[PDB]
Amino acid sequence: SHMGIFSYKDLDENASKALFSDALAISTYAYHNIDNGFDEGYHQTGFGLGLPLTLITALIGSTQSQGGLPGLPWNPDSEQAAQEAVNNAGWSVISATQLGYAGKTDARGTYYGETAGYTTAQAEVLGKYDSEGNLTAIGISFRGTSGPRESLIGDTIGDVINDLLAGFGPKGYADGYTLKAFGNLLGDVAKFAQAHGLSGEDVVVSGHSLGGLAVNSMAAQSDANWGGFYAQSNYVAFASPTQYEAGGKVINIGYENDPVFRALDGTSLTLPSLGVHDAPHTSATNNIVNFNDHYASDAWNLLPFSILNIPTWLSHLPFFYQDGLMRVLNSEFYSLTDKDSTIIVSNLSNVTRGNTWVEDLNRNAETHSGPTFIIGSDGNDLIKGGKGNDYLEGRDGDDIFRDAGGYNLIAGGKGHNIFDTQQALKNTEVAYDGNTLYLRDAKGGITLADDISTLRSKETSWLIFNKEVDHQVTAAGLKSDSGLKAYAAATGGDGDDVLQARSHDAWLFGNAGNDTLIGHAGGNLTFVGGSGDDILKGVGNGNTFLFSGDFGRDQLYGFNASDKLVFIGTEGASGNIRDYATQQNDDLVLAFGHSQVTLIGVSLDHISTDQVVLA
C-alpha cells in the first residue's frame, strides 16, 4: 500500500499531508523571506551569463522583491509578505509574555539562542487556533544559517561557526545544539502547552539546513529532557546534514542534489561528506531531484559536486524547498508515491524553461529505480520521460511531453498541451476514449495521456528527412493537413453500454458506467472497461485487458495463455501479481483495494510472468 512520499509514522495519508504542509510553512517562515530577491533574480536572469545580474538582485532586490539588504524604500516589504503566508497557513507567533519566557526576543517576536556560542541561533514559536479561539496545536521552527536583515553578516558568522563545529568539532556537538540554544525556552513551551491541555503529539517541529539539524538534535534529546514531554512530537526536518534515527522520530526531507542534505552520516564526518553522499538513509526521502539551471547544465557540472563547491548550493535555497515540495504534495500522482520514489521537480529559470527538457539525468546520484514522477511548473514546460515507467505532470501552462518507452501516465493539466512521439505516426497505435489518449509503441508499452490537444509526429520522405506534423486530437479522430483519421475503436459513454468489437476495432472503451465489452474471433483486442463495474468477454488470442487508477470491480471471461493483463497507476506497491491474488474455487481474484478483477475459470499457476504488467 502506497502512503505518500511524506508519510510519517502511523498517521493516515491525509493527516501526514496536513502535517507536512504545516511543517514546510513554519520552516519557510523562519527565514523571513531573506531569499526573496534571489528568487526573482534567478527566475529573471538565471545562473549562466546572467548570473552577475542574479547576484545583484539577490543583494538589493527591485521594485518587486527585497534582497538581503534592509532599508531600501523602493523594495516591497517582504517581511510582511512572510507573515501573511504563515498566518494564511493557520499559524501565528506566540509572545514571550504568553510563555512567561525571560530570554531574548526581537521586535518581530523571534527567539534567540541562550548559551554563549549559540547566541545567533533563531527559533519561532507559533500557535494554531480553532474557530472559537482555543489553542489546538503548537509549531516550533528553527532557522537555518542566516539571521535578521539588520544584523545579517555578524549573525551568519556565528551560524557558520556552529555549522563547522557540527562537522569538524567534538563528538556530541550536533546532538547538543538545540539543548544549548533553546533548552530553557523549550521547557516554558512545554508548560504552556500543558496549561492549554495539549500533549507532545500536538506539537510540530520543523526547520531547514542548520534548522533541520536542530530538529534532529531536539528529537535526539526528547526522551530524556523536558520531562519527556516532546518524545512523541512530530519532527519534520528539511535539508538537514544530520539524521537522528533511533526511535523513528524524524522524517528527513530534501533534494538529492542539495550538497548539504545528508552531508553527515548520522552525525559523523565521512569521506563522502566532501563529495557525493547519496547512500540511502532510513529516515530520508533519498531520490527527489531539484531540476534547476545548475543541475541541467553540463558545463556547470564539469566541476566536481561538493559542499565546498559554492555554485552547487543553488539547490539548497529555501524558496526551492517551499515552491517545489508543495508541488510534489499537491501532485495529481501523490497517492502513488513512496518515501524513496524518484521524483524530478522542475525548478528552471525563465531563461532556460523554453529550451531545456526536464528529465532524469541521474547526475551525481546512485542509479535510480522504480517508477519516475516528473512534476512540471505552472509555466510552459518541456518534459521528457525515460525508457521505464513514468508519471508526467504538466500543471498549468502549455506543456510539451516526450517519452522514450515503457508504461506511462501523462496529465497535461490546463493549457494547450502536446505529446511529441519523435517518430513516424505509423509506428504508434493511437486511440482516444473521448478524454484520454491511448498510445502503444512497437514494443507493447502503453501510455495514457489526459488533456492533450495535439499529437505531434516526425515524418520523412526521400526529399525532406525531417518534418514535424501536428495532428489535432478530436472526438472523431486525428485531424491534420491530410484529413481526418478515425480511431480504430468502439467508444461508449457515461451509461451502461454494450460494446461489440467490429472487424478492425483494436480497442473497446466502456468509459463510465457498468459496461459489457464483447470481443471477436480474430482476437488481438484491447479491453478498457474504465470506471465502473465492467464485464469483459475475451474471444480468440492475443487480447490485452487494461486497467488504470480506480477501475472498479470487473469480471473477465475467456482468459488464456496468449492474453495479457496491464495495470498502470493502480493501488498497491508490489510488482508480483501473486501478492494480489486469491483463488475462489474456479475463479481467480486479483484485488487492488477499492478496485479488483475476477478472472473466471482461471487458476494462478496457469499465468506466466510475461502475461502481466504492473506499472
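Just count from 1 along the sequence shown to find any residue number.
On average the C-alpha atoms of 483-491 have higher B-factors than those of the other stretch, with 483-491 and 508-516 being the two compared. Higher average CA B factor: 127-135, of the stretches 127-135 and 96-104. Highest CA B-factor among the listed residues (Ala121, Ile446, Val236, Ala246): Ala246. Sort the modelled residues of the chain by CA B factor and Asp10 lands in the highest third.
Split the chain's modelled residues into thirds by C-alpha temperature factor. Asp563 is in the lowest one. The deposited CA B-factor of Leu463 belongs to the highest third of values across its chain. Among all modelled residues in this chain, the alpha-carbon of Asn33 has a temperature factor (C-alpha) in the middle third. Ranked by C-alpha B-factor against the other modelled residues of its chain, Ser595 falls in the lowest third.
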